[PDB]
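Written below as structure tokens is the structure these notes are about.
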Amino acid sequence: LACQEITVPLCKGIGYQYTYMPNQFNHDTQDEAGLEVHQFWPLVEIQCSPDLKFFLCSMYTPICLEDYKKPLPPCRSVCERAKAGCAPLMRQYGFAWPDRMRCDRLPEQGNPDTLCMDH
Amino acid sequence: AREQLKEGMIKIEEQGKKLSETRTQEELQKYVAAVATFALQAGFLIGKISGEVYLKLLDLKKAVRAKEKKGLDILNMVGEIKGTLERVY
């Protein structure tokens, strides 16, 4: 994993400063990942969920740590809370919860075998 | 006479309190939400226009935070004025 400073404006100041590429969506540069994640800016600025910005960024700009050389996904609870807040508002504007953001794919909190980020 | 100063002093302290008005953070959040609502109804979720608006909103947020920073420097200055004014009495 090669760490690179996060340059995506939406993902700055989220709790960590370094990310790696490619992400799970096979984006090769932050410019490519940035262009997609920025489309979600109205949902972030409307504040349907306090957890939305961290959840989105934790996938498009996954955290990179010099000591922990392993992908660290968001805890499932982070995804579920973001879905609870924003999915109804998205649904009201004709958009379903994106398939790449399905919460079942993420590890649960407190599992001794796999670590995840929760706040 | 010296007790008039203390009456004048609190008026300075009272007026100094009003000087660092700030209060912009509450109004800013409503404005950004209003733009986000418009953005949603316009269907931004055309794509190029949406990206520029968000970039402008972040600069606006920086401007608001910048304005808030100077307000704190004002509050730092009103404190220092109260300090030296108290030194005579």
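Labels used: A, B, ... for chains in the order of the structure tokens, numbers from 1 for residues in each chain, and numbers from 1 for ligands as shown.
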
Problem set entry | stretch 35-46 of chain B surroundings by only C-alpha atoms, 8 Å radius, close-in-sequence under 5 positions cut, as a PyMOL selection string | chain A and resi 39-43+45-46+93

For this session: Do me a favour and pick out the residues of chain A within 12 Å of chain B, using only C-alpha atoms, as a ChimeraX atom specification.
Result: /A:8-10,12,34-48,89-96

Exercise. Out of chain A, which residues get strand (DSSP E or B) from DSSP, as a ChimeraX atom specification?
Worked result: /A:3-5,18-20,63,74,117

Using the selection just defined, write its residues with N, CA, C and O atoms as a PDB file, in the first residue's frame.
ATOM      1  N   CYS A   3       0.830   5.140   0.494  1.00  0.00           N
ATOM      2  CA  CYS A   3       0.003   6.194   1.060  1.00  0.00           C
ATOM      3  C   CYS A   3       0.203   7.489   0.283  1.00  0.00           C
ATOM      4  O   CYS A   3       1.308   7.796  -0.168  1.00  0.00           O
ATOM      5  N   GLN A   4      -0.879   8.241   0.115  1.00  0.00           N
ATOM      6  CA  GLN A   4      -0.845   9.537  -0.547  1.00  0.00           C
ATOM      7  C   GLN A   4      -1.795  10.486   0.167  1.00  0.00           C
ATOM      8  O   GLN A   4      -2.887  10.081   0.578  1.00  0.00           O
ATOM      9  N   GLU A   5      -1.366  11.736   0.343  1.00  0.00           N
ATOM     10  CA  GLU A   5      -2.200  12.715   1.032  1.00  0.00           C
ATOM     11  C   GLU A   5      -3.525  12.904   0.306  1.00  0.00           C
ATOM     12  O   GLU A   5      -3.569  13.039  -0.920  1.00  0.00           O
ATOM     13  N   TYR A  18      -4.247  10.380   5.128  1.00  0.00           N
ATOM     14  CA  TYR A  18      -3.570   9.587   4.112  1.00  0.00           C
ATOM     15  C   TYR A  18      -4.488   8.496   3.589  1.00  0.00           C
ATOM     16  O   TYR A  18      -5.243   7.883   4.350  1.00  0.00           O
ATOM     17  N   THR A  19      -4.412   8.262   2.280  1.00  0.00           N
ATOM     18  CA  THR A  19      -5.193   7.242   1.602  1.00  0.00           C
ATOM     19  C   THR A  19      -4.289   6.505   0.627  1.00  0.00           C
ATOM     20  O   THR A  19      -3.143   6.889   0.397  1.00  0.00           O
ATOM     21  N   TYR A  20      -4.817   5.439   0.038  1.00  0.00           N
ATOM     22  CA  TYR A  20      -4.088   4.685  -0.967  1.00  0.00           C
ATOM     23  C   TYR A  20      -4.961   4.530  -2.201  1.00  0.00           C
ATOM     24  O   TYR A  20      -6.164   4.793  -2.181  1.00  0.00           O
ATOM     25  N   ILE A  63      -8.574   4.608   4.182  1.00  0.00           N
ATOM     26  CA  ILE A  63      -7.512   5.055   5.078  1.00  0.00           C
ATOM     27  C   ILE A  63      -6.241   4.251   4.838  1.00  0.00           C
ATOM     28  O   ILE A  63      -6.280   3.039   4.591  1.00  0.00           O
ATOM     29  N   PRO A  74     -15.013   0.667   6.928  1.00  0.00           N
ATOM     30  CA  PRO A  74     -15.893   1.190   7.973  1.00  0.00           C
ATOM     31  C   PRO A  74     -16.699   0.067   8.598  1.00  0.00           C
ATOM     32  O   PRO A  74     -17.067  -0.909   7.937  1.00  0.00           O
ATOM     33  N   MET A 117     -13.422   0.743  11.341  1.00  0.00           N
ATOM     34  CA  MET A 117     -13.501   2.091  11.898  1.00  0.00           C
ATOM     35  C   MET A 117     -14.945   2.433  12.254  1.00  0.00           C
ATOM     36  O   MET A 117     -15.833   2.355  11.398  1.00  0.00           O
TER      37      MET A 117
END

Exercise. Out of B:20, B:25, B:4, B:15, which residue has the shortest atom-to-atom distance to residue B:63 when counting only C-alpha atoms?
Worked result: B:25

Exercise. Chain A: which residues are alpha helix (DSSP H) by DSSP, as a PyMOL selection string?
Worked result: chain A and resi 30-37+41-46+52-60+76-92

Could you list, as a PDB file with C-alpha atoms, in the first residue's frame, every residue within 10 Å of residue B:81, counting only C-alpha atoms and ignoring same-chain residues fewer than 4 positions away?
ATOM      1  CA  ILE B  12     -17.013  49.287  27.849  1.00  0.00           C
ATOM      2  CA  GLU B  13     -17.178  45.597  28.770  1.00  0.00           C
ATOM      3  CA  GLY B  16     -17.029  45.105  23.984  1.00  0.00           C
ATOM      4  CA  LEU B  75     -12.323  39.509  21.111  1.00  0.00           C
ATOM      5  CA  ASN B  76      -8.632  39.107  21.913  1.00  0.00           C
ATOM      6  CA  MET B  77      -8.172  42.849  21.398  1.00  0.00           C
ATOM      7  CA  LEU B  85      -7.571  50.152  31.302  1.00  0.00           C
ATOM      8  CA  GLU B  86      -7.776  48.284  34.620  1.00  0.00           C
TER       9      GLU B  86
END

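If you look at atom CA of residue A:66 and atom CA of residue A:81, they are 28.9 Å away from each other.
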
Problem set entry | Atomic distance atom CA of residue A:73 - atom CA of residue A:17, expressed in Å with one decimal |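 According to the coordinates, atom CA of residue A:73 and atom CA of residue A:17 are separated by 15.5 Å.
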
For this session: Between atom CA of residue A:106 and atom CA of residue A:52, measure the distance and give it in Å to one decimal.
Result: 14.9 Å
